[PDB]
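Visitor: Got a structure for you, written out below as structure tokens; questions coming shortly.
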Amino acid sequence: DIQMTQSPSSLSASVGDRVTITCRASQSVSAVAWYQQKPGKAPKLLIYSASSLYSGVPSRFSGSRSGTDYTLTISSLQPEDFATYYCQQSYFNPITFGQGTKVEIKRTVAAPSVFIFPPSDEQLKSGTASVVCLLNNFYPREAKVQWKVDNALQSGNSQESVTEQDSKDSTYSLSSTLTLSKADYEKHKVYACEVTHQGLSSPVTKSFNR
Amino acid sequence: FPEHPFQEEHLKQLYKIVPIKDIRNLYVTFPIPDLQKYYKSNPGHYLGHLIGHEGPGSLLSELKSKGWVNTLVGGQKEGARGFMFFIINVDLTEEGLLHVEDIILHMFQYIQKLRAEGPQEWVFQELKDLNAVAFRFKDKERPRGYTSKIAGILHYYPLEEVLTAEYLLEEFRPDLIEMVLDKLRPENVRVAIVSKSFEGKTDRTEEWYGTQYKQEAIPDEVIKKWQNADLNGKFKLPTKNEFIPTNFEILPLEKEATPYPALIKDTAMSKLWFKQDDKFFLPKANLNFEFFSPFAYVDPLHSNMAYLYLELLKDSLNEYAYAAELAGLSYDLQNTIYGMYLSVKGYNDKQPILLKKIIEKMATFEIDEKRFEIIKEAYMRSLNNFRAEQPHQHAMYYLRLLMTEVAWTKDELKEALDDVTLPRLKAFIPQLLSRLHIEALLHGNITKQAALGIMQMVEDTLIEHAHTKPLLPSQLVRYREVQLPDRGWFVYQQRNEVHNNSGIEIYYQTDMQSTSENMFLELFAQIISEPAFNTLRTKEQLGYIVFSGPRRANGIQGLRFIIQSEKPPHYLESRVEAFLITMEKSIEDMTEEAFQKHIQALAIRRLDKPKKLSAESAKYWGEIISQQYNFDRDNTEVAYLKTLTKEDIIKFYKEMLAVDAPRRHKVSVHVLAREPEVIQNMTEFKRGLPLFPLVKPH
Amino acid sequence: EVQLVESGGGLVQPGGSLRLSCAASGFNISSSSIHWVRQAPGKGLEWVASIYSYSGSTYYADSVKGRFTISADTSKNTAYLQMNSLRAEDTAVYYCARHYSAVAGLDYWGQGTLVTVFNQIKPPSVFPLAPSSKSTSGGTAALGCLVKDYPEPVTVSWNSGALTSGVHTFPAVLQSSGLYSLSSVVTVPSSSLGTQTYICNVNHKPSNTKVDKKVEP
């Protein structure tokens with residue numbers, strides 16, 4: 001019943017980097033695993049007993065116990081070593097997990113490429129008006145996306161679907177989706193996307209007219 | 001044998017046992033080397049002390065608290081001269097079958113608790129002094145079997161060790177305790193499991209009997225988790241009950257050379273009777289206490305609260321009290337319809353300190369929430385269970401309903417449990433203990449003055465907590481019993497739901513206990529006793545649970561016929577009346593011989609010296625609860641008893657028992673199976689009927 | 001040397017009660033023993049249950065204690081898990097897995113199976129995103145399709161999966177209707193405005209929804 005504090009949720013580092021990931025039990029106990037699992041696949045035992053390496057894993061991985069601090073230690077990252085992790089206390093007590101630890105990459109400060117997409121006609125025949133603003137090829141995550149309907153700020157109807165590691169440069173592509181009604185679609189013609197990013201410190205605002 | 005017969009081929013193994021009887025058990029076994037030369041410390045029995053202990057921070061305390069394990073037993077199991085065993089044999093619940101390894105893990109936890117704090121010395125001294133006293137003050141020996149026992153150990157011990165067999169301990173061996181701690185490891189475990197559910201699953205058959213079992217070794221991941229991963233939870237060692245066990249001396253009888261307990265103190269707060277032991281001269285003492293208080297039978301809600309109070313009070317103190325009870329001082333807490341019932345039995349050495357802490361303990365009392373819910377639900381089960389018990393108890397319950405003054409039914413008790421809240425009881429608690437009356441029996445080799453000073457001390461502590469004030473001497477009332485209108489033969493019916501059995505109780509009001517009426521009723525009861533053994537089960541074939549006889553309640557005598565069977569009740573009444581005709585002519589057909597053998601039967605029935613202070617003390621308490629105090633009623637009643645004639649019970653018989661009788665007080669109660677005047681409302685029934693007087697206290 | 005074939009896990013309504021096969025070939029469940037694991041889509045893991053077939057020892061989690069019933073056949077070296085009281089949070093992927101001799105060592109696994117207790121099923125509707133002349137601003141542009149309102153994610157592609165690089169099929173986000181919606185895009189130049197009109201290619205596997213949809217301004 002002793003829970004597990006998986007820290008961090010995710011992180012980013014490049015090939016040939018030293019990655020230390022600390023999970024933390026609710027109590028001061030010994031009996032902790034470490035996993036890895038690419039999506040849609042079975043997991044793998046990286047580190048058994050929180051200090052020892054399981055056979056069948058490349059030797060750029062080690063574990064360490066420091067009192068309550070339970071640390072997965074990666075000496076050197078690899079291009080295939082970008083996958084979801086999981087730490088695991090085990091007793092006869094019921095076993096909990098963490099939420100997953102994703103390994104991502106470090107890259108230079110990259111300003112996004114911002115696209116936009118008016119809704120189609122059959123969306124209005126389905127009761128849908130969506131506008132899809134698309135940041136692309138930016139690293140790191142720090143950006144700001146603000147909707148503008150005829151120069152008026154919007155919030156509360158968008159979702160940020162962010163893709164995974166890009167096949168081009170190992171960047172990430174973000175998408176925001178302004179969901180409104182046709183009564184607000186035909187009314188507001190100016191659909192501006194006020195993007196502000198670290199690399200794109202001068203903000204760019206890709207717009208269209210309905 | 002210079003080698004153990006379990007040489008690592010059969011270690012870390014389970015067995016699955018198929019029984020004939022539907023039992024389920026779990027069997028842990030450790031083979032261990034010879035410590036028979038090491039009779040000085042005897043660590044294997046020390047382990048038997050520490051395993052089957054039930055105390056603070058114990059293992060079984062949590063196993064009950066986890067609800068898996070009924071009972072356990074552990075300790076040193078002898079084998080051959082060379083090897084010895086260490087076994088643990090546990091009973092199984094339903095969900096005990098799923099947590100087997102957990103249980104064993106807790107066992108390991110325990111082993112680890114012994115591995116952390118190491119050995120203990122004061123435990124050894126405490127158990128040494130307690131078994132020294134228990135050997136010193138032994139009770140008896142059966143003349144057959146004893147000789148075979150000590151002849152069993154005559155082979156192994158020198159002539160000085162044949163009586164001080166294991167009952168004396170010389171020295172301390174911490175290396176042995178380290179050795180058996182090294183023996184209690186999962187490498188060493190031998191498992192066997194009993195369960196009816198092992199059908200089709202066990203192929204490996206036993207050679208002689210032909211039962212079937214399985215080797216089925218435990219895998220190693222379950223093994224390795226036990227050793228290296230070791231930490232502590234809610235387990236702590238048990239505490240001591242030293243309490244100065246010195247003074248076992250007998251006290252010589254003083255100027256107060258009474259053979260019966262004298263009332264040495266009476267106040268409006270308490271009332272105190274005292275009696276040193278003349279006949280047995282034992283190093284023991286017994287104490288009985290009644291705490292009289294008005295709040296007892298005020299309403300079904302107060303009765304439930306009193307119940308739960310004493311009930312959870314028992315549940316509270318049991319965990320503290322059992323290790324002292326293990327020292328040879330037993331007790332009981334129970335209730336009266338009037339007040340509370342306290343028993344303190346044991347040695348003279350430490351009852352003042354123990355009873356002191358008992359009063360201090362039950363004075364300052366707390367409630368746990370879920371504990372209250374479990375006990376509540378539990379008695380709730382015991383209550384709506386009362387539809388499903390034996391009709392002789394049903395009959396006695398309805399008789400004690402109808403023939404008292406006020407009576408609250410179990411139905412009312414069932415419905416009222418919706419309202420038992422913690423604040424309501426918590427308001428009730430200081431109100432109850434505020435103002436009450438005490439009554440006490442002190443009996444043993446003790447003094448009068450120290451009894452007065454200790455008793456004084458006790459009631460002073462009672463005043464110390466809640467500013468206790470005495471009761472008023474007008475509210476020491478008792479409930480009277482209903483006077484039948486001298487001719488009535490009334491009847492009604494009660495339909496059981498569960499049992500397809502019909503109980504019946506046939507009540508007769510004779511009289512108050514005068515000295516004549518006790519021997520009238522006892523002798524006439526026995527004269528209808530043995531021919532009833534002849535005629536009822538054999539000849540009339542009524543049932544198997546067929547009973548007749550006296551009734552002792554509220555100082556009023558009575559006559560009853562308890563019969564549970566599956567019969568029509570009026571049919572059954574008719575053969576009871578046939579038995580009444582049988583005893584009626586069986587009076588008039590009595591010879592001198594029947595008479596003389598019968599009254600000698602009554603004589604030896606009544607006459608016996610006591611055999612233990614608790615027996616005579618229980619009879620004296622049994623007289624104090626009836627507030628009669630007639631200590632030598634025995635001799636007077638017997639002296640009267642021989643002064644009877646055949647015609648003496650004829651004149652006793654006719655007016656109350658005949659069919660044309662002027663004093664016939666007859667009333668029956670029908671209990672039905674699942675398939676005069678009527679009694680519509682028992683309150684409106686009892687409305688216009690008189691009440692009997694009470695007894696003048698002598 | 002290790003073979004964990006768990007199967008039988010499909011799609012079910014609440015109120016049902018089904019078994020959970022696992023074929024543990026290559027070793028014995030009488031040896032180092034198997035476990036069950038609750039992995040919901042887009043969520044973390046959770047150890048469901050564990051039978052010890054040598055001793056019949058069941059162990060459940062705090063959430064699903066009692067409502068599940070695990071069982072084990074040692075004669076075929078095969079365990080099962082009867083399930084009860086099915087609730088809508090049980091849409092997940094479950095794994096049978098071998099724990100080995102270690103303190104937390106659960107190393108081998110199986111492919112897993114999808115276990116689903118589900119509110120609503122809806123096939124997708126394929127609406128092209130429309131980058132028109134009003135979207136044309138600067139040298140940068142794009143072309144895309146909105147996949148809207150579908151249970152298990154849609155494979156979406158561009159020119160029957162030819163151009164994968166630079167194409168981003170954003171993961172869906174569950175909408176208020178208990179349905180998913182995603183977008184797949186492709187970066188195109190503004191020289192390509194009207195040069196080539198691309199066709200997004202949708203396939204949603206459980207609903208069987210194959211819609212090749214053209215994008216034009």
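Letters A, B, ... mark the chains of the structure tokens in the order given; residue numbers begin at 1 per chain; ligand numbers begin at 1, in order shown.
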Do me a favour and pick out the residues of chain C within 9 Å of chain B, using only C-alpha atoms, as an mmCIF file with C-alpha atoms, in the first residue's frame.
Guide:
data_model
loop_
_atom_site.group_PDB
_atom_site.id
_atom_site.type_symbol
_atom_site.label_atom_id
_atom_site.label_comp_id
_atom_site.auth_asym_id
_atom_site.auth_seq_id
_atom_site.Cartn_x
_atom_site.Cartn_y
_atom_site.Cartn_z
ATOM 1 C CA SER C 30 4.333 -24.166 -9.751
ATOM 2 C CA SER C 31 7.704 -22.450 -10.238
ATOM 3 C CA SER C 32 8.181 -18.644 -10.205
ATOM 4 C CA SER C 33 4.733 -17.282 -10.782
ATOM 5 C CA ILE C 51 -2.350 -16.572 -8.085
ATOM 6 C CA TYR C 52 0.115 -18.979 -6.478
ATOM 7 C CA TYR C 54 1.265 -24.282 -5.731
ATOM 8 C CA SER C 55 -0.605 -22.876 -2.738
ATOM 9 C CA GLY C 56 -3.782 -21.323 -4.176
ATOM 10 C CA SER C 57 -2.707 -17.941 -2.782
ATOM 11 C CA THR C 58 -4.630 -15.077 -4.365
ATOM 12 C CA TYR C 59 -3.626 -11.448 -3.854
ATOM 13 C CA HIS C 99 8.123 -12.828 -12.103
ATOM 14 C CA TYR C 100 11.501 -14.401 -11.606
ATOM 15 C CA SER C 101 13.747 -15.011 -8.633
ATOM 16 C CA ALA C 102 14.461 -11.453 -7.418
ATOM 17 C CA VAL C 103 12.965 -9.040 -4.904
ATOM 18 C CA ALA C 104 10.999 -7.049 -7.518
ATOM 19 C CA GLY C 105 12.026 -9.023 -10.579
#
Visitor: Got a sec: who's within 12 Å of residue 356 in chain B, counting only C-alpha atoms, leaving out chain neighbours fewer than 5 positions off, as a PDB file with C-alpha atoms, in the first residue's frame?
Guide:
ATOM      1  CA  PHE B 243       3.015  -7.515  41.028  1.00  0.00           C
ATOM      2  CA  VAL B 344     -11.799 -11.830  40.926  1.00  0.00           C
ATOM      3  CA  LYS B 350      -1.517  -9.347  43.913  1.00  0.00           C
ATOM      4  CA  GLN B 351      -5.308  -9.048  43.752  1.00  0.00           C
ATOM      5  CA  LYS B 361      -9.146   1.005  33.964  1.00  0.00           C
ATOM      6  CA  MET B 362     -12.934   0.571  33.752  1.00  0.00           C
ATOM      7  CA  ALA B 363     -13.376   4.009  35.294  1.00  0.00           C
ATOM      8  CA  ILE B 454      -8.681  -1.982  50.538  1.00  0.00           C
ATOM      9  CA  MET B 455     -12.456  -1.877  49.967  1.00  0.00           C
ATOM     10  CA  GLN B 456     -12.495   1.667  51.388  1.00  0.00           C
ATOM     11  CA  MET B 457      -9.618   2.609  49.056  1.00  0.00           C
ATOM     12  CA  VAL B 458     -11.660   1.195  46.129  1.00  0.00           C
ATOM     13  CA  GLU B 459     -14.860   3.102  46.792  1.00  0.00           C
ATOM     14  CA  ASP B 460     -12.725   6.182  47.517  1.00  0.00           C
ATOM     15  CA  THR B 461     -11.286   5.819  44.019  1.00  0.00           C
ATOM     16  CA  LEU B 462     -14.854   5.549  42.738  1.00  0.00           C
TER      17      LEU B 462
END
Visitor: Could you list, with a cut-off of 6 Å and counting only C-alpha atoms, the residues of chain A near chain C, each shown with its nearest atom pair and the distance in Å rounded to one decimal, rows sorted by chain and ascending number, as a Markdown table?
Guide:
| residue | atom | partner | partner_atom | distance |
| --- | --- | --- | --- | --- |
| A:31 | CA | C:103 | CA | 5.2 |
| A:32 | CA | C:104 | CA | 5.4 |
| A:33 | CA | C:104 | CA | 5.3 |
| A:42 | CA | C:111 | CA | 5.8 |
| A:45 | CA | C:107 | CA | 4.9 |
| A:48 | CA | C:105 | CA | 5.4 |
| A:49 | CA | C:103 | CA | 5.8 |
| A:90 | CA | C:104 | CA | 5.4 |
| A:94 | CA | C:61 | CA | 4.8 |
| A:95 | CA | C:47 | CA | 5.6 |
| A:96 | CA | C:46 | CA | 5.7 |
| A:97 | CA | C:45 | CA | 5.6 |
| A:99 | CA | C:44 | CA | 4.2 |
| A:100 | CA | C:44 | CA | 5.6 |
| A:117 | CA | C:131 | CA | 5.5 |
| A:118 | CA | C:130 | CA | 5.6 |
| A:119 | CA | C:129 | CA | 5.8 |
| A:120 | CA | C:130 | CA | 5.8 |
| A:161 | CA | C:170 | CA | 5.7 |
| A:163 | CA | C:170 | CA | 5.1 |
| A:167 | CA | C:165 | CA | 5.7 |
| A:208 | CA | C:134 | CA | 4.8 |
| A:209 | CA | C:134 | CA | 5.6 |
Visitor: Store the residues picked out above, limited to C-alpha atoms, as a CSV table (one decimal), in the first residue's frame.
Guide:
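What landed in result_3.csv:
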chain,number,residue,atom,x,y,z
A,31,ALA,CA,12.3,-4.2,-3.2
A,32,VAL,CA,12.1,-1.9,-6.2
A,33,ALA,CA,12.2,-2.5,-10.0
A,42,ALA,CA,5.5,-5.4,-23.7
A,45,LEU,CA,12.9,-5.2,-16.5
A,48,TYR,CA,15.9,-5.3,-10.4
A,49,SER,CA,16.5,-4.8,-6.6
A,90,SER,CA,6.8,-5.1,-4.7
A,94,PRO,CA,-0.9,-4.5,-3.4
A,95,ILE,CA,1.5,-3.2,-6.0
A,96,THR,CA,1.1,0.3,-7.4
A,97,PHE,CA,3.0,1.9,-10.3
A,99,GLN,CA,2.4,7.2,-14.4
A,100,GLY,CA,5.3,6.5,-16.7
A,117,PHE,CA,-6.6,25.2,-41.0
A,118,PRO,CA,-10.1,26.6,-41.6
A,119,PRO,CA,-13.0,24.0,-41.1
A,120,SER,CA,-14.6,22.4,-44.1
A,161,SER,CA,-2.3,17.4,-29.2
A,163,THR,CA,3.2,14.6,-31.5
A,167,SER,CA,11.4,11.7,-37.9
A,208,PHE,CA,-6.9,33.7,-42.3
A,209,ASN,CA,-10.4,35.2,-43.0
Visitor: Excluding same-chain residues fewer than 3 positions from residue 481 in chain B, what lies within 12 Å of it counting only C-alpha atoms, as number ranges by chain?
Guide: B: 399-407, 478, 484, 509, 511-512, 552-558, 686, 689-694
Visitor: Once you have the residues from the selection above, write them out as a short mmCIF file (atom, residue, chain, number, x, y, z; two decimals), in the first residue's frame, restricted to N, CA and C atoms.
Guide:
data_model
loop_
_atom_site.label_atom_id
_atom_site.label_comp_id
_atom_site.auth_asym_id
_atom_site.auth_seq_id
_atom_site.Cartn_x
_atom_site.Cartn_y
_atom_site.Cartn_z
N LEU B 399 -41.14 -17.73 29.99
CA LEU B 399 -41.57 -17.85 31.37
C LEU B 399 -41.00 -16.72 32.21
N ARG B 400 -39.72 -16.40 32.04
CA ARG B 400 -39.17 -15.27 32.77
C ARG B 400 -39.68 -13.94 32.23
N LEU B 401 -40.29 -13.93 31.05
CA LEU B 401 -41.03 -12.75 30.62
C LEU B 401 -42.32 -12.62 31.40
N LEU B 402 -43.14 -13.67 31.40
CA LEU B 402 -44.50 -13.54 31.89
C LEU B 402 -44.54 -13.43 33.40
N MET B 403 -43.63 -14.11 34.08
CA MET B 403 -43.70 -14.18 35.52
C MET B 403 -42.73 -13.24 36.21
N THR B 404 -42.43 -12.11 35.60
CA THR B 404 -41.83 -11.01 36.33
C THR B 404 -42.70 -9.77 36.27
N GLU B 405 -42.18 -8.71 36.89
CA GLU B 405 -42.94 -7.49 37.01
C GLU B 405 -42.93 -6.74 35.67
N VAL B 406 -41.75 -6.30 35.23
CA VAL B 406 -41.54 -5.65 33.94
C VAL B 406 -40.61 -6.52 33.09
N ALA B 407 -40.80 -6.47 31.76
CA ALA B 407 -40.00 -7.30 30.87
C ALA B 407 -39.92 -6.70 29.47
N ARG B 478 -36.81 -4.36 44.32
CA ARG B 478 -36.73 -5.52 43.47
C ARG B 478 -38.06 -5.65 42.77
N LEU B 484 -51.30 -15.27 40.72
CA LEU B 484 -52.40 -15.81 39.94
C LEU B 484 -53.67 -15.71 40.79
N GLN B 509 -47.20 -22.03 40.48
CA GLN B 509 -46.82 -21.22 41.62
C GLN B 509 -47.14 -22.01 42.86
N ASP B 511 -45.34 -21.04 46.20
CA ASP B 511 -45.17 -20.27 47.43
C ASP B 511 -43.79 -19.63 47.40
N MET B 512 -43.61 -18.67 48.31
CA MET B 512 -42.31 -18.14 48.72
C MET B 512 -41.46 -19.24 49.36
N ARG B 552 -36.34 -21.20 40.86
CA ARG B 552 -35.79 -20.33 41.88
C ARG B 552 -35.60 -18.97 41.23
N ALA B 553 -36.48 -18.03 41.56
CA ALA B 553 -36.44 -16.71 40.94
C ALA B 553 -37.18 -15.77 41.87
N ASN B 554 -36.55 -14.62 42.14
CA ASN B 554 -37.10 -13.52 42.93
C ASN B 554 -37.57 -13.98 44.31
N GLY B 555 -36.88 -14.97 44.88
CA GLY B 555 -37.34 -15.51 46.14
C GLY B 555 -38.64 -16.28 46.08
N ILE B 556 -39.04 -16.75 44.90
CA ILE B 556 -40.32 -17.44 44.72
C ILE B 556 -40.05 -18.81 44.14
N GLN B 557 -40.63 -19.83 44.75
CA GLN B 557 -40.52 -21.17 44.25
C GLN B 557 -41.46 -21.38 43.07
N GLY B 558 -41.23 -22.48 42.36
CA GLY B 558 -42.05 -22.79 41.21
C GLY B 558 -41.81 -24.20 40.73
N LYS B 686 -51.45 -8.56 32.32
CA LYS B 686 -50.85 -8.32 33.63
C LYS B 686 -51.44 -7.13 34.35
N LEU B 689 -53.88 -8.32 37.62
CA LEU B 689 -53.41 -9.44 38.44
C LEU B 689 -52.52 -8.99 39.60
N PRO B 690 -52.70 -9.55 40.81
CA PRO B 690 -51.89 -9.12 41.96
C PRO B 690 -50.41 -9.49 41.91
N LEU B 691 -49.68 -9.04 42.93
CA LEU B 691 -48.24 -9.23 43.11
C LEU B 691 -47.88 -9.87 44.44
N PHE B 692 -46.86 -10.73 44.43
CA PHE B 692 -46.45 -11.46 45.62
C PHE B 692 -45.64 -10.55 46.55
N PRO B 693 -45.64 -10.82 47.86
CA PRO B 693 -44.73 -10.08 48.75
C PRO B 693 -43.27 -10.46 48.58
N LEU B 694 -42.39 -9.79 49.33
CA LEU B 694 -40.98 -10.11 49.31
C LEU B 694 -40.61 -10.82 50.62
#
Visitor: Skipping near chain neighbours, those fewer than 5 positions away, what residues fall within 12 Å of residue 113 in chain C using only C-alpha atoms, listed as an mmCIF file with N, CA, C and O atoms, in the first residue's frame?
Guide:
data_model
loop_
_atom_site.group_PDB
_atom_site.id
_atom_site.type_symbol
_atom_site.label_atom_id
_atom_site.label_comp_id
_atom_site.auth_asym_id
_atom_site.auth_seq_id
_atom_site.Cartn_x
_atom_site.Cartn_y
_atom_site.Cartn_z
ATOM 1 N N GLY A 40 2.623 0.269 -27.275
ATOM 2 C CA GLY A 40 2.092 -0.865 -28.003
ATOM 3 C C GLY A 40 2.939 -2.106 -27.895
ATOM 4 O O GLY A 40 2.837 -2.995 -28.743
ATOM 5 N N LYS A 41 3.775 -2.194 -26.865
ATOM 6 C CA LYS A 41 4.730 -3.278 -26.723
ATOM 7 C C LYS A 41 4.745 -3.748 -25.279
ATOM 8 O O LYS A 41 4.248 -3.072 -24.378
ATOM 9 N N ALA A 42 5.285 -4.941 -25.078
ATOM 10 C CA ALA A 42 5.484 -5.450 -23.735
ATOM 11 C C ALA A 42 6.647 -4.724 -23.054
ATOM 12 O O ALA A 42 7.593 -4.291 -23.715
ATOM 13 N N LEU C 4 4.707 -16.742 -22.735
ATOM 14 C CA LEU C 4 3.553 -16.206 -22.024
ATOM 15 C C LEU C 4 2.502 -15.821 -23.052
ATOM 16 O O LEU C 4 2.537 -14.719 -23.609
ATOM 17 N N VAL C 5 1.562 -16.728 -23.288
ATOM 18 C CA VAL C 5 0.522 -16.532 -24.290
ATOM 19 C C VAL C 5 -0.763 -16.206 -23.540
ATOM 20 O O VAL C 5 -1.501 -17.094 -23.106
ATOM 21 N N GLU C 6 -1.028 -14.922 -23.356
ATOM 22 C CA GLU C 6 -2.301 -14.498 -22.803
ATOM 23 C C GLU C 6 -3.217 -14.082 -23.943
ATOM 24 O O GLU C 6 -2.771 -13.492 -24.933
ATOM 25 N N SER C 7 -4.492 -14.414 -23.808
ATOM 26 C CA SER C 7 -5.434 -14.295 -24.909
ATOM 27 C C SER C 7 -6.834 -14.322 -24.321
ATOM 28 O O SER C 7 -7.016 -14.409 -23.104
ATOM 29 N N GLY C 8 -7.831 -14.248 -25.197
ATOM 30 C CA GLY C 8 -9.207 -14.220 -24.773
ATOM 31 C C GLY C 8 -9.728 -12.843 -24.422
ATOM 32 O O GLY C 8 -10.947 -12.642 -24.401
ATOM 33 N N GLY C 9 -8.839 -11.885 -24.172
ATOM 34 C CA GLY C 9 -9.231 -10.532 -23.844
ATOM 35 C C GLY C 9 -9.769 -9.754 -25.017
ATOM 36 O O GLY C 9 -9.036 -9.403 -25.946
ATOM 37 N N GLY C 10 -11.067 -9.488 -24.977
ATOM 38 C CA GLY C 10 -11.724 -8.761 -26.036
ATOM 39 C C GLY C 10 -12.461 -7.544 -25.528
ATOM 40 O O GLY C 10 -11.941 -6.764 -24.727
ATOM 41 N N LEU C 11 -13.693 -7.385 -25.986
ATOM 42 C CA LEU C 11 -14.490 -6.200 -25.714
ATOM 43 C C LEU C 11 -15.801 -6.646 -25.095
ATOM 44 O O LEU C 11 -16.412 -7.606 -25.571
ATOM 45 N N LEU C 20 -9.913 -15.204 -17.947
ATOM 46 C CA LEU C 20 -8.737 -14.539 -18.524
ATOM 47 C C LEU C 20 -7.621 -15.560 -18.703
ATOM 48 O O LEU C 20 -6.867 -15.822 -17.763
ATOM 49 N N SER C 21 -7.508 -16.115 -19.904
ATOM 50 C CA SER C 21 -6.512 -17.147 -20.141
ATOM 51 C C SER C 21 -5.098 -16.569 -20.134
ATOM 52 O O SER C 21 -4.876 -15.387 -20.405
ATOM 53 N N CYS C 22 -4.143 -17.435 -19.809
ATOM 54 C CA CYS C 22 -2.711 -17.170 -19.937
ATOM 55 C C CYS C 22 -2.007 -18.509 -20.072
ATOM 56 O O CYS C 22 -2.117 -19.345 -19.171
ATOM 57 N N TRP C 36 -1.011 -10.319 -13.030
ATOM 58 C CA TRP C 36 -1.849 -9.602 -13.985
ATOM 59 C C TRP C 36 -1.659 -8.098 -13.782
ATOM 60 O O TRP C 36 -1.464 -7.633 -12.656
ATOM 61 N N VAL C 37 -1.762 -7.328 -14.873
ATOM 62 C CA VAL C 37 -1.374 -5.912 -14.898
ATOM 63 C C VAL C 37 -2.393 -5.087 -15.673
ATOM 64 O O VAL C 37 -2.743 -5.433 -16.803
ATOM 65 N N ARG C 38 -2.855 -3.986 -15.078
ATOM 66 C CA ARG C 38 -3.851 -3.114 -15.685
ATOM 67 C C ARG C 38 -3.140 -1.923 -16.313
ATOM 68 O O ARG C 38 -2.646 -1.043 -15.601
ATOM 69 N N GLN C 39 -3.059 -1.910 -17.638
ATOM 70 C CA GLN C 39 -2.546 -0.759 -18.372
ATOM 71 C C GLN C 39 -3.680 -0.167 -19.198
ATOM 72 O O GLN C 39 -4.040 -0.715 -20.245
ATOM 73 N N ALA C 40 -4.212 0.960 -18.751
ATOM 74 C CA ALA C 40 -5.204 1.660 -19.545
ATOM 75 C C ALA C 40 -4.521 2.400 -20.689
ATOM 76 O O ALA C 40 -3.331 2.716 -20.601
ATOM 77 N N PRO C 41 -5.230 2.638 -21.797
ATOM 78 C CA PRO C 41 -4.633 3.423 -22.885
ATOM 79 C C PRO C 41 -4.382 4.859 -22.452
ATOM 80 O O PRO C 41 -5.268 5.527 -21.914
ATOM 81 N N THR C 91 -11.567 -0.370 -19.429
ATOM 82 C CA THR C 91 -10.981 -0.345 -20.762
ATOM 83 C C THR C 91 -9.475 -0.185 -20.618
ATOM 84 O O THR C 91 -8.989 0.887 -20.240
ATOM 85 N N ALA C 92 -8.735 -1.247 -20.917
ATOM 86 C CA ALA C 92 -7.308 -1.248 -20.647
ATOM 87 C C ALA C 92 -6.646 -2.322 -21.489
ATOM 88 O O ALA C 92 -7.296 -3.050 -22.237
ATOM 89 N N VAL C 93 -5.343 -2.459 -21.309
ATOM 90 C CA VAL C 93 -4.588 -3.544 -21.906
ATOM 91 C C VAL C 93 -3.970 -4.339 -20.775
ATOM 92 O O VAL C 93 -3.319 -3.767 -19.893
ATOM 93 N N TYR C 94 -4.192 -5.645 -20.781
ATOM 94 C CA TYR C 94 -3.716 -6.476 -19.696
ATOM 95 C C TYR C 94 -2.610 -7.392 -20.189
ATOM 96 O O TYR C 94 -2.629 -7.854 -21.329
ATOM 97 N N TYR C 95 -1.667 -7.673 -19.302
ATOM 98 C CA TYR C 95 -0.482 -8.463 -19.600
ATOM 99 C C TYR C 95 -0.351 -9.591 -18.598
ATOM 100 O O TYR C 95 -0.586 -9.405 -17.400
ATOM 101 N N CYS C 96 -0.001 -10.764 -19.104
ATOM 102 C CA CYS C 96 0.453 -11.849 -18.260
ATOM 103 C C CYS C 96 1.973 -11.793 -18.298
ATOM 104 O O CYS C 96 2.566 -11.482 -19.338
#
Visitor: Counting only C-alpha atoms, what are the residues of chain A within 9 Å of chain B, and for each of them which pair of atoms is the nearest and at what distance in Å, to one decimal? Sort the table by chain and rising number, as JSON lines.
Guide:
{"residue": "A:29", "atom": "CA", "partner": "B:231", "partner_atom": "CA", "distance": 8.1}
{"residue": "A:30", "atom": "CA", "partner": "B:229", "partner_atom": "CA", "distance": 6.9}
{"residue": "A:31", "atom": "CA", "partner": "B:229", "partner_atom": "CA", "distance": 7.5}
{"residue": "A:91", "atom": "CA", "partner": "B:225", "partner_atom": "CA", "distance": 8.3}
{"residue": "A:92", "atom": "CA", "partner": "B:102", "partner_atom": "CA", "distance": 6.8}
Visitor: Please provide as a ChimeraX atom specification all residues within 10 Å of residue 161 in chain C, with the sequence filter that same-chain residues fewer than 6 positions apart are discarded (counting only C-alpha atoms).
Guide: /C:155,167,200-202
Visitor: So which one's closest to residue 88 in chain A, A:17, A:53, A:127, A:70? Using only C-alpha atoms, please.
Guide: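 The answer is A:70, which sits nearest to residue 88 in chain A.
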